[PDB]
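Residue numbers (my numbering), protein chains in the order written: chain A, 60 to 184; chain B, 61 to 513; chain C, 26 to 73; chain D, 212 to 259; chain E, 568 to 607; chain F, 9 to 135; chain G, 15 to 140. Every residue gets a Cβ at the ideal spot worked out from N, C-alpha and C, and that includes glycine.
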Amino acid sequence: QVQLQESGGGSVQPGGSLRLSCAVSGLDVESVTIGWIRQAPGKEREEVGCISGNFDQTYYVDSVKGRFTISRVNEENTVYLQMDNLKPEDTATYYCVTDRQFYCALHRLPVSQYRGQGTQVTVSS
Amino acid sequence: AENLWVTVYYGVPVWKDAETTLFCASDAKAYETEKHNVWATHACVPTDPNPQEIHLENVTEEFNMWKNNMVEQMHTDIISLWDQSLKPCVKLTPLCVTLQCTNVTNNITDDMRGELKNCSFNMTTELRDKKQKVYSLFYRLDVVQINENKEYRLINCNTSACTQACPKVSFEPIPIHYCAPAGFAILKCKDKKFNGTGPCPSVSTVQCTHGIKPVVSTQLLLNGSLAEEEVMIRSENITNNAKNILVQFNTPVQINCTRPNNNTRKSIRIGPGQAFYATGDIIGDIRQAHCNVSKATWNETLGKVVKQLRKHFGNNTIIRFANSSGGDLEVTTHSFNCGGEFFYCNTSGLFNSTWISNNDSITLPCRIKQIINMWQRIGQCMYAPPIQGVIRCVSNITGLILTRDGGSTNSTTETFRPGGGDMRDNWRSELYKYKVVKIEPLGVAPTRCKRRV
Amino acid sequence: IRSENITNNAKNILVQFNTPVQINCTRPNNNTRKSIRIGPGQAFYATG
Amino acid sequence: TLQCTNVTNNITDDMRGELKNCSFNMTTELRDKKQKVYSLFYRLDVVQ
Amino acid sequence: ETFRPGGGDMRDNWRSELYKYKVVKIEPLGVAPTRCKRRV
Amino acid sequence: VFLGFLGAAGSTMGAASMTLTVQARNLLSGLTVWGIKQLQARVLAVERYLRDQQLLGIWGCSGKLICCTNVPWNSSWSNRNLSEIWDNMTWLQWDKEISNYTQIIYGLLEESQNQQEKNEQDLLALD
Amino acid sequence: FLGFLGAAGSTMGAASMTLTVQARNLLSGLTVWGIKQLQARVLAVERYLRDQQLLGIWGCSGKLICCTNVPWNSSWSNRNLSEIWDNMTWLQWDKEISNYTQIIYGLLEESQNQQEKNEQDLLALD
Ligand SMILES: *[C@@H]1O[C@H](CO)[C@@H](O[C@@H]2O[C@H](CO)[C@@H](O[C@@H]3O[C@H](CO)[C@@H](O)[C@H](O)[C@@H]3O)[C@H](O)[C@H]2NC(C)=O)[C@H](O)[C@H]1NC(C)=O
Ligand SMILES: *[C@@H]1O[C@H](CO)[C@@H](O[C@@H]2O[C@H](CO)[C@@H](O)[C@H](O)[C@H]2NC(C)=O)[C@H](O)[C@H]1NC(C)=O
Ligand SMILES: *[C@@H]1O[C@H](CO)[C@@H](O[C@@H]2O[C@H](CO)[C@@H](O)[C@H](O)[C@H]2NC(C)=O)[C@H](O)[C@H]1NC(C)=O
Ligand SMILES: *[C@@H]1O[C@H](CO)[C@@H](O[C@@H]2O[C@H](CO)[C@@H](O)[C@H](O)[C@H]2NC(C)=O)[C@H](O)[C@H]1NC(C)=O
Ligand SMILES: *[C@@H]1O[C@H](CO)[C@@H](O[C@@H]2O[C@H](CO)[C@@H](O)[C@H](O)[C@H]2NC(C)=O)[C@H](O)[C@H]1NC(C)=O
Ligand SMILES: *[C@@H]1O[C@H](CO)[C@@H](O[C@@H]2O[C@H](CO)[C@@H](O)[C@H](O)[C@H]2NC(C)=O)[C@H](O)[C@H]1NC(C)=O
Ligand SMILES: *[C@@H]1O[C@H](CO)[C@@H](O[C@@H]2O[C@H](CO)[C@@H](O)[C@H](O)[C@H]2NC(C)=O)[C@H](O)[C@H]1NC(C)=O
Ligand SMILES: *[C@@H]1O[C@H](CO)[C@@H](O[C@@H]2O[C@H](CO)[C@@H](O)[C@H](O)[C@H]2NC(C)=O)[C@H](O)[C@H]1NC(C)=O
Ligand SMILES: *[C@@H]1O[C@H](CO)[C@@H](O[C@@H]2O[C@H](CO)[C@@H](O)[C@H](O)[C@H]2NC(C)=O)[C@H](O)[C@H]1NC(C)=O
Ligand SMILES: *[C@@H]1O[C@H](CO)[C@@H](O)[C@H](O)[C@H]1NC(C)=O
Ligand SMILES: *[C@@H]1O[C@H](CO)[C@@H](O)[C@H](O)[C@H]1NC(C)=O
Ligand SMILES: *[C@@H]1O[C@H](CO)[C@@H](O)[C@H](O)[C@H]1NC(C)=O
Ligand SMILES: *[C@@H]1O[C@H](CO)[C@@H](O)[C@H](O)[C@H]1NC(C)=O
Ligand SMILES: *[C@@H]1O[C@H](CO)[C@@H](O)[C@H](O)[C@H]1NC(C)=O
Ligand SMILES: *[C@@H]1O[C@H](CO)[C@@H](O)[C@H](O)[C@H]1NC(C)=O
Ligand SMILES: *[C@@H]1O[C@H](CO)[C@@H](O)[C@H](O)[C@H]1NC(C)=O
Ligand SMILES: *[C@@H]1O[C@H](CO)[C@@H](O)[C@H](O)[C@H]1NC(C)=O
Ligand SMILES: *[C@@H]1O[C@H](CO)[C@@H](O)[C@H](O)[C@H]1NC(C)=O
Ligand SMILES: *[C@@H]1O[C@H](CO)[C@@H](O)[C@H](O)[C@H]1NC(C)=O
Ligand SMILES: *[C@@H]1O[C@H](CO)[C@@H](O)[C@H](O)[C@H]1NC(C)=O
Ligand SMILES: *[C@@H]1O[C@H](CO)[C@@H](O)[C@H](O)[C@H]1NC(C)=O
Ligand SMILES: *[C@@H]1O[C@H](CO)[C@@H](O)[C@H](O)[C@H]1NC(C)=O
Ligand SMILES: *[C@@H]1O[C@H](CO)[C@@H](O)[C@H](O)[C@H]1NC(C)=O
Ligand SMILES: *[C@@H]1O[C@H](CO)[C@@H](O)[C@H](O)[C@H]1NC(C)=O
């Protein structure tokens, strides 16, 4: 059974860096797409970005570009999301999702079969 | 009368649901003028010109097209057939070099700004003692920047090395019949309002299926088989926004597609009997490939589809079509295989409409790719050699793969977006009326007869 | 005690125990592994 | 041709030698360039 | 009499497990004498 | 005439016992793809046919087709009339109805045939 | 009851009652397990077919017990009728009668051929 575990997150002052990690069990992260989505309080599930299985290409939404970076380590079966220059709009709960599909599409990430518990990220003052 | 006795019968008409390994059967054609099609027809037995179809009576049989076992076998068959014509031709291992690329502006248009790179690099000749300096024209989609006349590199070979497609073969699909071995039977539901699952009250036993073309596409089914009566909407469970809403048309929509660039190929030697066929100068102006559809025919077809799509989501909702979004060009955009060159067409002028309860032509720009990964797998690619001359083709649109948006919870704004993805749903649209049954001929019945001693 | 020909010094004398003997053992070195790339999609996990 | 030296960082007298710090030259993904990766090799896996 | 340990071939590592086992093939035909005649 | 493979799959049980031959005649009908898999399928089909033939032959029905045995018909298996059974029902419904009462009939047939064979062998010795 | 080869030690009289048990399990049932499994299965079905044909030629396929009109030569084994059937085991009988089971088969075949010819001639006569 596919299992995803999220680690990292917490409270960070405006301006800085954070690193979230998602560990996958029951699958090998070389032929499936892995996406990172976020949920802000009071709003539906938006979506941040994804890394595909096609030649390790990465895609991000228009809102975050040049600030977020997704990387994958296959010998350890891990997916890292490095966030830089954080802003007050980023206070939300982050999940790492997958669908066992060898392709990405940045409008079907919120609706996915498997999903982790998620981690919380706060920036304030 | 008062007493009955057991009696055994052998050869009784009774079947059960099972699975097996069907075999191929294709038209003979004497296999003389075929220029080694990738879907080789010399690997399976020829068929019978006169088919047989026995119309069973009085019998109702239940079908379920979303748990069919023929789709998996057909997919494995096609993959194994494809991974045999690519074995005996050159593997491009010495192509991983630091290209030096510049832009090309030989009377180019503003639409195709960039998108073509003049790239020069080093290579090994037949004798492993000397080096030759060569150059070629590479599309922008197949080179990524390195060390950020700047240096570039091929996209594929940080992960895997490619296997150049053999140049004589052709990718044109041909019909393939799937026949069942002895001891099994193939049932076909000869209905017209059959939506895919449930009972069928008029079945038939067929010798084996009709010709199924293994055309690989996305977001728009091409060159397929149309349903009678009206359009049909089939889905595994049409209430959940995680499954496709596969649609089959009633009348085809003709689409043309063309690439007008006059291409010239040029061969290089990269070893003892290994050649690499590169592009090499384009004669005249440079224009982008494009596809053409009619407007009235399309909009009439969309009207029919929206008329038949209101039987599930109420008769007062507003039905809004929207384009796709995001990246990964192979899923976002139409991805046919017209004439040996792999296109990717921007389908955003078709899915833009909103329908309330109460000789122009649409043009679609397209891009072309060289390095692709078909039959989605990790560690394998393919390089398609250039094709010389202008390219033209026609096709029939006879299907659709929609997908609901959802998330409104309590609202009437049901929005549909196109979406492809897995290639199994491309073959579930042809094997939706077929079943394999295993026959058990033994039976026991009571009657008045005793074995005399 | 089992043997094919227990009279000559050219055959084994395989013995089977009646109660097992527990054997522990460890490698106490703390090792770290670093990966390098030697080609198009190949790795040489090497100590380090 | 590995270029190897001994390692003497907090070693134990019982384990003198038995580990070699070895440097060499390797091809990267692109055929043009080379690296200078180093590793630690046991004595039983290298000969002079 | 002096004994020293020694291994070498790995076949003797598996002869210590399959030492009580044998494979036989059954033949189901037999001929016997009795007092009976096939009537004509 | 109602020829054709599985032609009488809807006809009643009374009139579906005439064309028993065709469903039995069309039962044997004997590195790229189609390598080991085809041989595996053919071998499996041959083994299935041989198993069915041996099972039929043990019960005393040596040759083929309609065969009669002693094996008294227990009423509890199906409290049903012969006229309704053989006049207005197809074979599929029958084999759907009697599915859990099958593994006992086979044993009854085997034991009855064994007893009859032993009795005949003993009787032949007297004369 | 008694499973596969469950009566291999019982005497002939008791062992001649479970023939169907031993008969039923005579047929039931790239990388490794490739061509070798197919070879084994093909050999098994071929052996079964050969045994069945050899049984059927002599005049048989009533199976199990199948009488014969061939006289029993005393030179093969002349001990008694009770000693064989009350205090002997099928394995011991197989061991005793080993070199003689290549002339009984010919007598069986020739007797069956003669009987069939006689039956056909009698049917043709009237
Ligand atoms: C759907 O079916 C149509 C009709 O078969 C396909 O169009 C056909 O495509 C083939 C291959 O591109 C054309 O054959 C070519 O003809 C030219 C000119 O003679 C020749 O130089 C080539 O060597 C090749 O033989 C064929 O003419 C064309 N049919 C028509 C009527 O134009 C279409 O490609 C299919 N759809 C898809 C997506 O493949
Ligand atoms: C078909 O899809 C509907 C989607 O609504 C499924 O209904 C949901 O089932 C899940 C799982 O039990 C529940 O948590 C939801 O509350 C259900 N939603 C509604 C609106 O009923 C339904 O189960 C699916 N049917 C099948 C056979 O899978
Ligand atoms: C792509 O680059 C090649 C090589 O730099 C160009 O070929 C040169 O063309 C000029 C005149 O057109 C000649 O004087 C040079 O001798 C050519 N160089 C070589 C090495 O043959 C080419 O023109 C560039 N553009 C295109 C579209 O190919
Ligand atoms: C797609 O291409 C076909 C082939 O040229 C077109 O069919 C011809 O269209 C012209 C345009 O007026 C007619 O004069 C011809 O009579 C058509 N051919 C035939 C055989 O009837 C078709 O119109 C094109 N479709 C679109 C939407 O442009
Ligand atoms: C779907 O259509 C929308 C608009 O019709 C496209 O949005 C445009 O995207 C381009 C790409 O950068 C922008 O330059 C435009 O400004 C966008 N339009 C507007 C009005 O802002 C969108 O790209 C289309 N989706 C796909 C997959 O083609
Ligand atoms: C796909 O097609 C859409 C529809 O034309 C393109 O959207 C337009 O793109 C042009 C060129 O960048 C812009 O000037 C327009 O403002 C865009 N919107 C409209 C409504 O025309 C889109 O750029 C195409 N390509 C992609 C990748 O989406
Ligand atoms: C078991 O081992 C003994 C070892 O002595 C074998 O006996 C020897 O056989 C060789 C070969 O014939 C003779 O040259 C020696 O003189 C024998 N030794 C003695 C002490 O007589 C014996 O043959 C072995 N058994 C088997 C079956 O190989
Ligand atoms: C094997 O047994 C020896 C002797 O008991 C163990 O050596 C001791 O290990 C402990 C654990 O750190 C030390 O505190 C002692 O000083 C050691 N005794 C010495 C060196 O004389 C040894 O750890 C055991 N090894 C196992 C259990 O793997
Ligand atoms: C093994 O050799 C490497 C390379 O010669 C050593 O790494 C050097 O370590 C020193 C300090 O310990 C640094 O100042 C150098 O920059 C390092 N060189 C490189 C290339 O990284 C290493 O210390 C040696 N010993 C071990 C145990 O690895
Ligand atoms: C060449 O094309 C690239 C587009 O990839 C552009 O960024 C660059 O400015 C162009 N160079 C010149 C000299 O036009
Ligand atoms: C090809 O090789 C020559 C020989 O050293 C080199 O000078 C030249 O730069 C190479 N071409 C490239 C790197 O594009
Ligand atoms: C190949 O991809 C890896 C990511 O695993 C990257 O570190 C490396 O720089 C790439 N090679 C290039 C860009 O030449
Ligand atoms: C197809 O028909 C069956 C039987 O009438 C029905 O159960 C099923 O819901 C139908 N599929 C739809 C409506 O998508
Ligand atoms: C393409 O170029 C060749 C040679 O220059 C010429 O023969 C052919 O007619 C050209 N094609 C078109 C469509 O102009
Ligand atoms: C597509 O339609 C446009 C507009 O009518 C026309 O200019 C172009 O020649 C057509 N191309 C094809 C291939 O039909
Ligand atoms: C054509 O499409 C428009 C909306 O795009 C629609 O209002 C109109 O009714 C359609 N034409 C016909 C004849 O239905
Ligand atoms: C549909 O197309 C028209 C013009 O092509 C454009 O103005 C409109 O915004 C499009 N529809 C949507 C929902 O964007
Ligand atoms: C496309 O559809 C037309 C009209 O049904 C038909 O005449 C033509 O043969 C079709 N082309 C195909 C199936 O390639
Ligand atoms: C070994 O090294 C790891 C990583 O440096 C460290 O966490 C651990 O405490 C060390 N010791 C043991 C016994 O694992
Ligand atoms: C390195 O270790 C070897 C192995 O014991 C030894 O022979 C040699 O003398 C050592 N080198 C130095 C410089 O101590
Ligand atoms: C590795 O390659 C460089 C560049 O050619 C060379 O100078 C160096 O000596 C090589 N390392 C060796 C030979 O250990
Ligand atoms: C099928 O149903 C019809 C309608 O009642 C009936 O007359 C007929 O006997 C049935 N069977 C066949 C084989 O037609
Ligand atoms: C046959 O018996 C089994 C025993 O559990 C039962 O489950 C099944 O429903 C029975 N079949 C019928 C048709 O009643
Ligand atoms: C086995 O030997 C015992 C002791 O003589 C005897 O009573 C028995 O009948 C023999 N056979 C079996 C099957 O037990």
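Quick one: does residue i have its CB under 8 Å from some CB of chain F?
i         : result
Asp137(B) : yes
Which value, in whole angstroms, describes the spacing of the CA atoms of residue i and residue j?
i         : j         : result
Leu389(B) : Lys495(B) : 36 Å
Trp81(F)  : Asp103(F) : 16 Å
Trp142(B) : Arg59(F)  : 38 Å
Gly439(B) : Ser220(B) : 5 Å
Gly76(G)  : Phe10(F)  : 35 Å
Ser125(G) : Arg61(G)  : 25 Å
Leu116(B) : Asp130(F) : 51 Å
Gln192(B) : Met183(B) : 5 Å
Flag this pair as yes or no: are the beta carbons of residue i and residue j separated by less than 8 Å?
i         : j         : result
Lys250(B) : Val229(B) : no
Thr101(B) : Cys509(B) : no
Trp95(A)  : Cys163(A) : no
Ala287(B) : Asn310(B) : yes
Could you give the C-beta distance for residue i and residue j, rounded to a whole number, given that I count them as a contact under 8 Å?
i         : j         : result
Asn301(B) : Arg464(B) : 5 Å
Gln48(F)  : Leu52(G)  : 7 Å
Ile114(B) : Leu14(F)  : 7 Å
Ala356(B) : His237(B) : Actually they do not touch by this definition, with Cβ atoms about 37 Å apart.
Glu186(B) : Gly331(B) : 6 Å
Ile315(B) : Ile457(B) : 6 Å
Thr158(B) : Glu208(B) : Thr158(B) to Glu208(B), Cβ: 14 Å. No contact.
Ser171(A) : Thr157(A) : 7 Å
With a threshold of 8 Å between beta-carbons, can residue i be considered close to chain E, or not?
i             : result
residue 75(C) : Absent from the model: residue 75(C). The displayed extent of chain C is 26 to 73, so no value can be given.
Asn37(C)      : yes
Does chain B have any CB closer than 8 Å to the CB of residue i?
i        : result
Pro65(C) : yes
Hey, which residues come within less than 7 Å of ligand 1, measuring from Cβ to any heavy atom, in chain order?
Qualifying residues come out as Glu232(B), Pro233(B), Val275(B), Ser277(B), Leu282(B), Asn283(B), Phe396(B), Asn397(B), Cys398(B), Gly399(B), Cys453(B), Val454(B), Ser455(B) and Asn456(B).
Considering only heavy atoms of ligand 6, list every residue whose Cβ is less than 6 Å from one of them, following chain order.
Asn406(B) and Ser408(B)
Ligand 14: which residues have Cβ under 6 Å from any of its heavy atoms, chain order?
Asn322(B), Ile343(B) and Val450(B)
Those residues, in chain order, that have a beta-carbon closer than 6 Å to some heavy atom of ligand 22
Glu117(B), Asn118(B), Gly18(F) and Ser19(F)
Beta carbon shell of ligand 13 at less than 6 Å from a heavy atom
In chain order, the qualifying residues are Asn255(B), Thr257(B), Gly258(B), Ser295(B) and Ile298(B).
If the cut-off is 9 Å on Cβ atoms, which residues from the stretch 220 to 237 of chain B count as contacting chain J, listed in chain order?
No chain J is part of this structure, whose protein chains are labelled A, B, C, D, E, F and G.
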